[PDB]
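Read through the structure below, which is laid out as structure tokens, and then see the notes.
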Amino acid sequence: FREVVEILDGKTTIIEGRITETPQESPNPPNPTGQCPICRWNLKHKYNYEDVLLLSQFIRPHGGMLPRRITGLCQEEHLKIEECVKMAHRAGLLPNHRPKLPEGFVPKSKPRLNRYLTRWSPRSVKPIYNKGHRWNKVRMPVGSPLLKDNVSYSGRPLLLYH
Amino acid sequence: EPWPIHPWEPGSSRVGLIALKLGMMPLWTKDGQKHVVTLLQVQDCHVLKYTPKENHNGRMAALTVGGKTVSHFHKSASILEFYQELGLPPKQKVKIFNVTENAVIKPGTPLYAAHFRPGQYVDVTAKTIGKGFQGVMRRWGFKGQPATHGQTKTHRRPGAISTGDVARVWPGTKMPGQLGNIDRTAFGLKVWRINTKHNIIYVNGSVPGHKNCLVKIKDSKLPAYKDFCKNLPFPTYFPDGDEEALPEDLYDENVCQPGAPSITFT
Amino acid sequence: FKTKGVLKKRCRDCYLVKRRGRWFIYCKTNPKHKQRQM
Amino acid sequence: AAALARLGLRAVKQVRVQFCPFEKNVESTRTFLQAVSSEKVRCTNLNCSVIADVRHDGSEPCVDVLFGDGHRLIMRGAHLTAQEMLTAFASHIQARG
Amino acid sequence: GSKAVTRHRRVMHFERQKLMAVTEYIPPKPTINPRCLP
Amino acid sequence: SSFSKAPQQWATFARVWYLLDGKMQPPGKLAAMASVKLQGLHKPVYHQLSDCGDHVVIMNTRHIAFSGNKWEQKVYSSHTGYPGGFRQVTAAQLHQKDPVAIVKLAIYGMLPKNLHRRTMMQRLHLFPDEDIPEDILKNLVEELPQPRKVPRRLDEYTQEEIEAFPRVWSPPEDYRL
RNA sequence: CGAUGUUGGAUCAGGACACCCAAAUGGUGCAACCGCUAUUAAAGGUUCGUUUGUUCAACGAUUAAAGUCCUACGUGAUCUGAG
RNA sequence: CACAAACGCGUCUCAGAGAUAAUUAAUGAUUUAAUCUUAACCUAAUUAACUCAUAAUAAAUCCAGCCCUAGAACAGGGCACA
Ligand SMILES: [Mg+2]
Ligand SMILES: [Mg+2]
Ligand SMILES: [Mg+2]
Ligand SMILES: [Mg+2]
Ligand SMILES: [Mg+2]
Ligand SMILES: [Mg+2]
Ligand SMILES: [Mg+2]
Ligand SMILES: [Mg+2]
Ligand SMILES: [Mg+2]
Ligand SMILES: [Mg+2]
Ligand SMILES: [Mg+2]
Ligand SMILES: [Mg+2]
Ligand SMILES: [Mg+2]
Ligand SMILES: [Mg+2]
Ligand SMILES: [Mg+2]
Ligand SMILES: [Mg+2]
Ligand SMILES: [Mg+2]
Ligand SMILES: [Mg+2]
Ligand SMILES: [Mg+2]
Ligand SMILES: [Mg+2]
Ligand SMILES: [Mg+2]
Ligand SMILES: [Mg+2]
Ligand SMILES: [Mg+2]
Ligand SMILES: [Zn+2]
Ligand SMILES: [Zn+2]
């Protein structure tokens, strides 16, 4: 991995690019002929929002996702992983992947509401005051439709709207 | 054995008094305006019992204050026993004041009208003049029906009380009933004058309740008069502590005193 | 801002951004091109 | 080039880019030189002196910017990307000067 | 009683609705996705 | 088995106190099992007319979790009766005002709609935190399992498990995060 | 149809927002004052008079404004009977 | 205003915090640029509602009779200074 360091001395600035050792891929993938990382490690339709050990492999230290041209994923797997990362960040998983602000960490606010499988942004949803009757019912989306193809051991389809 | 006296704090609340509404008197200001003040006489105001903050509200302590003395022969056994343990004759009105823990006073302590000072705002709580079962026109100010253009037995009726589709009347409907005998509070009444000899407060404006009624008076709780407790005696007024008698009448900075040079404008 | 059901860019400087759950045509050169998806 | 043109390079004295074209990690520095020696950058300030030093054994591509605040910004670019180098240079120019 | 041809989509019988739901098209699905297959 | 009639009756129809931790648990999944225990549908001697019903003590009520955006989408509607007195409060606002309210309403809704609902609601004790009076604490018998398995956050993971999990991709050395 | 009593007005109004006023903003062929549109918001208000039975309508004087509707074209076991 | 009262035409008083919708910007990935973010992290300027500070009530088991600024009845306040 590459880092940029800045040095200031006597109104003179020097920026340097330092390369440190980075982890490499594990020696034995179960499906070596796959052209895609997830699809060759046999994790397709196998991860969820709570699999942080996989979701944190490729995200920036401040929580941002990594570009597809760098990660190597196929488009659908990239979208699924991006949605899973968003859901984990909203649920509260990955607590060390946030920027550090000492000035803003002191003014504590109201306690965070526990949540999980959150599809939309918490600040963009309006409360459903009407809620409809049985024939026209306003359903609350839960989870994401991108993960509707995950393996279901019980056989019951996931309730994405409830 | 007085309880320890604590220094005043920005978020402190004081105890109040239970006075008697004597009457109403005119008063004049040095600028020429004329106000009307109510006389509240502190006849015999005492602290009866103390209740801790956690045992009462969890935010403030409760001090119980008793007003004018009554007869022993018309009180219940429990009340008479309570006053016998306390050591004071029975009182007529008993009220509860929410104070801070630093303003607590030992029970049995007397309270005087010098507890308030000329130039201050107070809250006055009392039971208003009860007018009994009053009609809707006097209870709610409803306009009546016309007098003589043909109306038959409807000159003061409320009229329609609800809507046809609802098939009922809402719980907030204004209808004839009791009017007057309820507790009301007047906020932000100015104190103009304190008569120490007779223990009387001259409070600005009107006071709820009939004359010669027991009135619960305390410091104003409006946000505009939150921190005027600084200059006032914080725990209470102790006439035996200063060892110097207060003046018979304490006036405000704008009150035209009875002995005046008959103010003329320049 | 004009509230519309269909958003279209009226120049080359209009950019489409998703905010508050809606889609927006924001424009800096021509502020009259501000459109909000209903 | 457009980013530097829209910055007002009037307050820059000398920019010298010293590199070895036969190396394998001078592409970013060469792109930086091309971006900083463009026609728009030339016309936005004429007194600026742009120098392109070519070596073969230096093996360390670097850039030096000396400007009239008595200030020296030296960037030894062996792993720095051209876009990052341009952004850092633009930020420093708009900060001091 | 509505005509055979209307403008309001002329909601069907429940048996017909069930018939259409059963006879909905089911696209074929390969065992392994071929995008990033060899 | 060879009990006398009265002690056998007391043992068979004795009331039981159950504990339920509500930390990071869905209020609906808490309320379903709480209502089952309250009704007594977990007893083979259960009957509608019999008073077979056990006490349920739910702790960590303030730390419940709603799946999805229910915190901002679910609303609770009340009417004071007076005209203009219809209030619709969001789930988050109701939780801030009163932590007990969300799970209390869920259990009340899931309970049967007969007159026994109030009686078996009087046997439900809800506590915002793990601060239970000793009188109630000494009555507890067993703690029911939490219906939802709470996932562990990344820093809670062991280093052994972190290194055991494989690296599915190899980032380039020149890339900068 | 072995009766669901009508316009208008008086009294009291409940509600909706498709907001007239009051509040926060976007665009203007928005220089300022006046304006024109659109977004969000319904806790509170929304006048007195001449003619007409009038709902409407014209006119006079004002207002921050004198909103559009639903409520058995709200309300006659509360009132009037001008039509 | 021919009752000691009632009354207006007369007099007194009327309030702090949070919260938001539309709409502004700060940092910043997917999309190593930018980008207010149905991307996280803390962010700030911001309607009316609505809640809450705060205020009121908040001492149980004497009640025959007689007064009352208390009241339809029942209730409620007084009956030791004089
Ligand atoms: Mg009376
Ligand atoms: Mg009249
Ligand atoms: Mg008649
Ligand atoms: Mg008559
Ligand atoms: Mg008659
Ligand atoms: Mg009904
Ligand atoms: Mg037919
Ligand atoms: Mg008929
Ligand atoms: Mg009949
Ligand atoms: Mg109304
Ligand atoms: Mg609107
Ligand atoms: Mg306006
Ligand atoms: Mg209105
Ligand atoms: Mg009609
Ligand atoms: Mg009608
Ligand atoms: Mg009727
Ligand atoms: Mg009529
Ligand atoms: Mg009649
Ligand atoms: Mg006629
Ligand atoms: Mg950036
Ligand atoms: Mg910008
Ligand atoms: Mg309160
Ligand atoms: Mg009595
Ligand atoms: Zn793939
Ligand atoms: Zn445009």
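Note on naming: chains are A, B, ... as they come in the structure tokens, residues start from 1 per chain, ligands start from 1 in the order shown.
Neighbouring residues of ligand 21 at a cut-off of 9 Å, counting only C-alpha atoms (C1' of nucleotides) and all ligand atoms, are residues 25, 34 and 35 of chain H.
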May I have the selected residues written with C-alpha atoms (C1' of nucleotides), as a PDB file, in the first residue's frame?
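Here's the written file part_11.pdb:
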ATOM      1  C1'   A H  25     -23.217  24.846   2.678  1.00  0.00           C
ATOM      2  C1'   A H  34     -15.559  16.989  -8.390  1.00  0.00           C
ATOM      3  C1'   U H  35     -20.418  15.545  -5.750  1.00  0.00           C
TER       4        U H  35
END
Margin query: Neighbouring residues of region 19-28 of chain C were defined as those with any atom within 9 Å, considering only C-alpha atoms (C1' of nucleotides); residues of the same chain fewer than 5 positions away were excluded. Please report them as a VMD selection string.
Written below: (chain A and resid 120 to 121 123 to 125) or (chain C and resid 1 7 to 9 11 13 to 14 33 to 38) or (chain H and resid 36 to 38)
Notebook entry, point to check: If we count only C-alpha atoms (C1' of nucleotides), what is near region 107-118 of chain F at a cut-off of 12 Å, once residues fewer than 4 positions away on the same chain are taken out, given as a PyMOL selection string?
Noted result: chain F and resi 27-41+48-53+56+58+100-103+122-126
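Residue neighbourhood of residue 27 (chain D), excluding near-sequence residues (fewer than 6 positions): residues 21, 81 and 82 of chain D, at 9 Å, using only C-alpha atoms (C1' of nucleotides).
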Near-ligand residues for ligand 8, threshold 10 Å, only C-alpha atoms (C1' of nucleotides) and all ligand atoms, as a PDB file with N, CA, C and O atoms (P, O5', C5', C4', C3', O3' and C1' of nucleotides), in the first residue's frame:
ATOM      1  P     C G   1     -90.999   4.036   3.979  1.00  0.00           P
ATOM      2  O5'   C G   1     -91.600   5.304   3.230  1.00  0.00           O
ATOM      3  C5'   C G   1     -92.064   6.428   3.959  1.00  0.00           C
ATOM      4  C4'   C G   1     -93.149   7.159   3.212  1.00  0.00           C
ATOM      5  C3'   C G   1     -94.347   6.329   2.785  1.00  0.00           C
ATOM      6  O3'   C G   1     -95.288   6.184   3.837  1.00  0.00           O
ATOM      7  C1'   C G   1     -93.654   7.787   1.023  1.00  0.00           C
ATOM      8  P     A G   3     -93.209   5.472   9.293  1.00  0.00           P
ATOM      9  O5'   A G   3     -93.021   7.044   9.142  1.00  0.00           O
ATOM     10  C5'   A G   3     -93.600   7.752   8.051  1.00  0.00           C
ATOM     11  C4'   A G   3     -92.582   8.624   7.360  1.00  0.00           C
ATOM     12  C3'   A G   3     -91.651   9.391   8.297  1.00  0.00           C
ATOM     13  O3'   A G   3     -90.372   9.529   7.679  1.00  0.00           O
ATOM     14  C1'   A G   3     -92.860  10.920   6.969  1.00  0.00           C
ATOM     15  P     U G   4     -89.361   8.281   7.625  1.00  0.00           P
ATOM     16  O5'   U G   4     -87.926   8.955   7.485  1.00  0.00           O
ATOM     17  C5'   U G   4     -87.189   9.349   8.631  1.00  0.00           C
ATOM     18  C4'   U G   4     -86.102  10.331   8.279  1.00  0.00           C
ATOM     19  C3'   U G   4     -86.561  11.708   7.829  1.00  0.00           C
ATOM     20  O3'   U G   4     -86.928  12.560   8.898  1.00  0.00           O
ATOM     21  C1'   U G   4     -84.925  10.915   6.336  1.00  0.00           C
TER      22        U G   4
END
Next item on the list: Quick one: everything within 12 Å of residue 86 (chain F), counting only C-alpha atoms (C1' of nucleotides), minus sequence neighbours fewer than 2 positions away in the same chain. Send it as a PyMOL selection string.
Entry: (chain A and resi 129) or (chain F and resi 76-84+88-89) or (chain G and resi 15) or (chain H and resi 49-50)
Considering only strand (DSSP E or B) as DSSP defines it on the backbone, what residues of region 66-196 of chain B qualify? List them as a PDB file with N, CA and C atoms, in the first residue's frame.
ATOM      1  N   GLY B  66     -47.750  26.406  55.970  1.00  0.00           N
ATOM      2  CA  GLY B  66     -49.081  26.597  56.515  1.00  0.00           C
ATOM      3  C   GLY B  66     -49.365  28.059  56.797  1.00  0.00           C
ATOM      4  N   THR B  69     -53.909  30.732  61.444  1.00  0.00           N
ATOM      5  CA  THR B  69     -54.312  29.800  62.489  1.00  0.00           C
ATOM      6  C   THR B  69     -55.826  29.612  62.512  1.00  0.00           C
ATOM      7  N   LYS B  91     -53.234  25.228  61.125  1.00  0.00           N
ATOM      8  CA  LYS B  91     -53.322  26.242  60.088  1.00  0.00           C
ATOM      9  C   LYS B  91     -54.515  25.964  59.184  1.00  0.00           C
ATOM     10  N   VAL B  94     -52.711  24.784  53.665  1.00  0.00           N
ATOM     11  CA  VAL B  94     -51.428  24.094  53.634  1.00  0.00           C
ATOM     12  C   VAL B  94     -51.057  23.879  52.175  1.00  0.00           C
ATOM     13  N   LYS B  95     -49.873  24.344  51.787  1.00  0.00           N
ATOM     14  CA  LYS B  95     -49.426  24.265  50.405  1.00  0.00           C
ATOM     15  C   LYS B  95     -48.033  23.656  50.348  1.00  0.00           C
ATOM     16  N   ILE B  96     -47.652  23.207  49.155  1.00  0.00           N
ATOM     17  CA  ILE B  96     -46.361  22.575  48.919  1.00  0.00           C
ATOM     18  C   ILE B  96     -45.597  23.408  47.901  1.00  0.00           C
ATOM     19  N   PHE B  97     -44.348  23.736  48.222  1.00  0.00           N
ATOM     20  CA  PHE B  97     -43.486  24.533  47.363  1.00  0.00           C
ATOM     21  C   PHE B  97     -42.300  23.691  46.927  1.00  0.00           C
ATOM     22  N   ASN B  98     -41.987  23.739  45.636  1.00  0.00           N
ATOM     23  CA  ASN B  98     -40.835  23.035  45.085  1.00  0.00           C
ATOM     24  C   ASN B  98     -39.625  23.955  45.176  1.00  0.00           C
ATOM     25  N   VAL B  99     -38.654  23.577  46.004  1.00  0.00           N
ATOM     26  CA  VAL B  99     -37.449  24.362  46.214  1.00  0.00           C
ATOM     27  C   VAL B  99     -36.240  23.494  45.887  1.00  0.00           C
ATOM     28  N   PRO B 110     -40.838  30.367  61.155  1.00  0.00           N
ATOM     29  CA  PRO B 110     -41.791  31.361  60.661  1.00  0.00           C
ATOM     30  C   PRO B 110     -41.270  32.066  59.417  1.00  0.00           C
ATOM     31  N   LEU B 111     -42.207  32.634  58.666  1.00  0.00           N
ATOM     32  CA  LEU B 111     -41.896  33.381  57.458  1.00  0.00           C
ATOM     33  C   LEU B 111     -42.618  34.718  57.498  1.00  0.00           C
ATOM     34  N   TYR B 121     -40.779  40.282  40.954  1.00  0.00           N
ATOM     35  CA  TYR B 121     -41.958  39.727  40.315  1.00  0.00           C
ATOM     36  C   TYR B 121     -42.307  38.406  40.981  1.00  0.00           C
ATOM     37  N   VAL B 122     -43.596  38.214  41.250  1.00  0.00           N
ATOM     38  CA  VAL B 122     -44.076  37.074  42.014  1.00  0.00           C
ATOM     39  C   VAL B 122     -45.203  36.392  41.253  1.00  0.00           C
ATOM     40  N   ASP B 123     -45.449  35.139  41.627  1.00  0.00           N
ATOM     41  CA  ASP B 123     -46.556  34.342  41.124  1.00  0.00           C
ATOM     42  C   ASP B 123     -47.554  34.143  42.253  1.00  0.00           C
ATOM     43  N   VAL B 124     -48.833  34.339  41.957  1.00  0.00           N
ATOM     44  CA  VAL B 124     -49.886  34.315  42.967  1.00  0.00           C
ATOM     45  C   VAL B 124     -50.906  33.253  42.584  1.00  0.00           C
ATOM     46  N   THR B 125     -51.046  32.232  43.422  1.00  0.00           N
ATOM     47  CA  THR B 125     -51.965  31.128  43.175  1.00  0.00           C
ATOM     48  C   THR B 125     -53.082  31.149  44.206  1.00  0.00           C
ATOM     49  N   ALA B 126     -54.326  31.087  43.737  1.00  0.00           N
ATOM     50  CA  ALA B 126     -55.460  31.073  44.652  1.00  0.00           C
ATOM     51  C   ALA B 126     -56.682  30.523  43.936  1.00  0.00           C
ATOM     52  N   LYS B 127     -57.678  30.136  44.729  1.00  0.00           N
ATOM     53  CA  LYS B 127     -58.950  29.676  44.188  1.00  0.00           C
ATOM     54  C   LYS B 127     -59.800  30.884  43.819  1.00  0.00           C
ATOM     55  N   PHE B 133     -73.002  27.142  39.153  1.00  0.00           N
ATOM     56  CA  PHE B 133     -73.450  26.635  37.859  1.00  0.00           C
ATOM     57  C   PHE B 133     -73.872  27.817  37.000  1.00  0.00           C
ATOM     58  N   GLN B 134     -73.004  28.228  36.085  1.00  0.00           N
ATOM     59  CA  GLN B 134     -73.261  29.383  35.241  1.00  0.00           C
ATOM     60  C   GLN B 134     -73.627  28.947  33.830  1.00  0.00           C
ATOM     61  N   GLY B 177     -72.029  24.856  33.158  1.00  0.00           N
ATOM     62  CA  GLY B 177     -71.533  24.080  34.274  1.00  0.00           C
ATOM     63  C   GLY B 177     -70.933  24.976  35.330  1.00  0.00           C
ATOM     64  N   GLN B 178     -70.118  24.373  36.193  1.00  0.00           N
ATOM     65  CA  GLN B 178     -69.467  25.121  37.259  1.00  0.00           C
ATOM     66  C   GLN B 178     -68.507  26.154  36.682  1.00  0.00           C
ATOM     67  N   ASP B 183     -58.526  26.595  41.013  1.00  0.00           N
ATOM     68  CA  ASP B 183     -57.244  27.210  41.326  1.00  0.00           C
ATOM     69  C   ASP B 183     -56.640  27.844  40.080  1.00  0.00           C
ATOM     70  N   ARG B 184     -56.272  29.118  40.185  1.00  0.00           N
ATOM     71  CA  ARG B 184     -55.658  29.853  39.092  1.00  0.00           C
ATOM     72  C   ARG B 184     -54.449  30.618  39.607  1.00  0.00           C
ATOM     73  N   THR B 185     -53.502  30.859  38.703  1.00  0.00           N
ATOM     74  CA  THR B 185     -52.247  31.516  39.033  1.00  0.00           C
ATOM     75  C   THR B 185     -52.052  32.729  38.136  1.00  0.00           C
ATOM     76  N   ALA B 186     -51.754  33.867  38.754  1.00  0.00           N
ATOM     77  CA  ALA B 186     -51.345  35.074  38.054  1.00  0.00           C
ATOM     78  C   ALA B 186     -49.827  35.159  38.079  1.00  0.00           C
ATOM     79  N   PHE B 187     -49.230  35.389  36.914  1.00  0.00           N
ATOM     80  CA  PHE B 187     -47.786  35.344  36.743  1.00  0.00           C
ATOM     81  C   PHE B 187     -47.227  36.750  36.586  1.00  0.00           C
ATOM     82  N   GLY B 188     -46.050  36.971  37.159  1.00  0.00           N
ATOM     83  CA  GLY B 188     -45.337  38.221  36.971  1.00  0.00           C
ATOM     84  C   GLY B 188     -45.995  39.450  37.560  1.00  0.00           C
ATOM     85  N   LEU B 189     -46.491  39.362  38.792  1.00  0.00           N
ATOM     86  CA  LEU B 189     -47.027  40.527  39.481  1.00  0.00           C
ATOM     87  C   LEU B 189     -45.894  41.246  40.198  1.00  0.00           C
ATOM     88  N   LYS B 190     -45.760  42.543  39.946  1.00  0.00           N
ATOM     89  CA  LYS B 190     -44.674  43.315  40.532  1.00  0.00           C
ATOM     90  C   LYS B 190     -44.968  43.645  41.989  1.00  0.00           C
ATOM     91  N   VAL B 191     -43.924  43.620  42.810  1.00  0.00           N
ATOM     92  CA  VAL B 191     -44.008  44.003  44.214  1.00  0.00           C
ATOM     93  C   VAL B 191     -43.554  45.451  44.331  1.00  0.00           C
ATOM     94  N   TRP B 192     -44.449  46.319  44.797  1.00  0.00           N
ATOM     95  CA  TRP B 192     -44.166  47.746  44.893  1.00  0.00           C
ATOM     96  C   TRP B 192     -43.760  48.189  46.290  1.00  0.00           C
ATOM     97  N   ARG B 193     -44.297  47.559  47.330  1.00  0.00           N
ATOM     98  CA  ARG B 193     -44.133  48.067  48.682  1.00  0.00           C
ATOM     99  C   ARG B 193     -44.248  46.921  49.675  1.00  0.00           C
ATOM    100  N   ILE B 194     -43.470  47.003  50.751  1.00  0.00           N
ATOM    101  CA  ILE B 194     -43.492  46.009  51.816  1.00  0.00           C
ATOM    102  C   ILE B 194     -43.691  46.733  53.139  1.00  0.00           C
ATOM    103  N   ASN B 195     -44.795  46.442  53.818  1.00  0.00           N
ATOM    104  CA  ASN B 195     -45.046  46.955  55.158  1.00  0.00           C
ATOM    105  C   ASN B 195     -44.593  45.893  56.152  1.00  0.00           C
TER     106      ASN B 195
END
With a distance cut-off of 7 Å and only C-alpha atoms (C1' of nucleotides), select the neighbouring residues of region 18-25 of chain G, excluding the residue or stretch itself and same-chain residues fewer than 3 positions from it, and output the selection as a PDB file with N, CA and C atoms (P, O5', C5', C4', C3', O3' and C1' of nucleotides), in the first residue's frame.
ATOM      1  P     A G  64     -52.929  45.861   8.686  1.00  0.00           P
ATOM      2  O5'   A G  64     -51.985  44.579   8.625  1.00  0.00           O
ATOM      3  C5'   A G  64     -51.040  44.412   7.577  1.00  0.00           C
ATOM      4  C4'   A G  64     -51.265  43.109   6.854  1.00  0.00           C
ATOM      5  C3'   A G  64     -52.683  42.899   6.346  1.00  0.00           C
ATOM      6  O3'   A G  64     -52.843  43.449   5.049  1.00  0.00           O
ATOM      7  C1'   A G  64     -51.985  40.999   7.587  1.00  0.00           C
ATOM      8  P     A G  65     -54.139  43.136   4.155  1.00  0.00           P
ATOM      9  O5'   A G  65     -53.841  41.714   3.505  1.00  0.00           O
ATOM     10  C5'   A G  65     -54.733  41.155   2.555  1.00  0.00           C
ATOM     11  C4'   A G  65     -55.250  39.808   2.994  1.00  0.00           C
ATOM     12  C3'   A G  65     -56.759  39.644   3.006  1.00  0.00           C
ATOM     13  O3'   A G  65     -57.288  39.379   1.718  1.00  0.00           O
ATOM     14  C1'   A G  65     -55.829  38.734   4.990  1.00  0.00           C
ATOM     15  P     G G  67     -63.078  35.716   2.290  1.00  0.00           P
ATOM     16  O5'   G G  67     -62.040  34.964   1.346  1.00  0.00           O
ATOM     17  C5'   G G  67     -60.875  34.352   1.879  1.00  0.00           C
ATOM     18  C4'   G G  67     -60.332  33.304   0.941  1.00  0.00           C
ATOM     19  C3'   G G  67     -61.266  32.147   0.630  1.00  0.00           C
ATOM     20  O3'   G G  67     -62.192  32.466  -0.395  1.00  0.00           O
ATOM     21  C1'   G G  67     -59.108  31.319   1.150  1.00  0.00           C
TER      22        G G  67
ATOM     23  P     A H  22     -37.561  17.517   2.879  1.00  0.00           P
ATOM     24  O5'   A H  22     -37.695  18.856   2.030  1.00  0.00           O
ATOM     25  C5'   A H  22     -38.776  19.043   1.130  1.00  0.00           C
ATOM     26  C4'   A H  22     -38.958  20.498   0.789  1.00  0.00           C
ATOM     27  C3'   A H  22     -37.727  21.215   0.262  1.00  0.00           C
ATOM     28  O3'   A H  22     -37.510  20.994  -1.121  1.00  0.00           O
ATOM     29  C1'   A H  22     -38.736  22.525   1.943  1.00  0.00           C
ATOM     30  P     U H  23     -36.037  20.661  -1.666  1.00  0.00           P
ATOM     31  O5'   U H  23     -35.178  21.939  -1.266  1.00  0.00           O
ATOM     32  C5'   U H  23     -35.474  23.215  -1.813  1.00  0.00           C
ATOM     33  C4'   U H  23     -34.812  24.318  -1.030  1.00  0.00           C
ATOM     34  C3'   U H  23     -33.294  24.313  -1.034  1.00  0.00           C
ATOM     35  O3'   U H  23     -32.750  24.888  -2.208  1.00  0.00           O
ATOM     36  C1'   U H  23     -34.072  24.614   1.175  1.00  0.00           C
ATOM     37  P     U H  47     -36.369  28.971  12.038  1.00  0.00           P
ATOM     38  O5'   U H  47     -37.925  28.760  11.794  1.00  0.00           O
ATOM     39  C5'   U H  47     -38.383  27.805  10.853  1.00  0.00           C
ATOM     40  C4'   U H  47     -39.803  28.084  10.440  1.00  0.00           C
ATOM     41  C3'   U H  47     -40.872  27.734  11.461  1.00  0.00           C
ATOM     42  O3'   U H  47     -41.032  28.731  12.455  1.00  0.00           O
ATOM     43  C1'   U H  47     -41.510  26.926   9.334  1.00  0.00           C
ATOM     44  P     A H  48     -41.540  28.337  13.927  1.00  0.00           P
ATOM     45  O5'   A H  48     -43.032  27.824  13.702  1.00  0.00           O
ATOM     46  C5'   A H  48     -44.057  28.711  13.275  1.00  0.00           C
ATOM     47  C4'   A H  48     -45.284  27.956  12.824  1.00  0.00           C
ATOM     48  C3'   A H  48     -45.881  26.996  13.839  1.00  0.00           C
ATOM     49  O3'   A H  48     -46.696  27.637  14.804  1.00  0.00           O
ATOM     50  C1'   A H  48     -45.665  25.890  11.775  1.00  0.00           C
TER      51        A H  48
END
Within 10 Å of chain H, which residues of chain D show up? Give each one with its shortest atom-to-atom distance in Å (one decimal) and the two atoms involved, counting only C-alpha atoms (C1' of nucleotides), rows by chain then rising residue number, as a Markdown table.
| residue | atom | partner | partner_atom | distance |
| --- | --- | --- | --- | --- |
| D:81 | CA | H:32 | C1' | 9.2 |
| D:83 | CA | H:33 | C1' | 8.1 |
| D:84 | CA | H:32 | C1' | 8.1 |
| D:87 | CA | H:33 | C1' | 8.8 |
Next item on the list: Excluding residue 129 (chain F) and any residue of its chain fewer than 2 positions from it, enumerate the residues within 6 Å of it, using only C-alpha atoms (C1' of nucleotides), and give them as a ChimeraX atom specification.
Entry: /F:59-60,127,131
Next item on the list: Could the residues that lie within 8 Å of ligand 16, counting only C-alpha atoms (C1' of nucleotides) and all ligand atoms, be listed as a ChimeraX atom specification?
Entry: /B:164 /G:75-77
Check: What residues have any atom no more than 9 Å from ligand 13 when counting only C-alpha atoms (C1' of nucleotides) and all ligand atoms, and can you list them as a PyMOL selection string?
Finding: chain G and resi 42+44-46
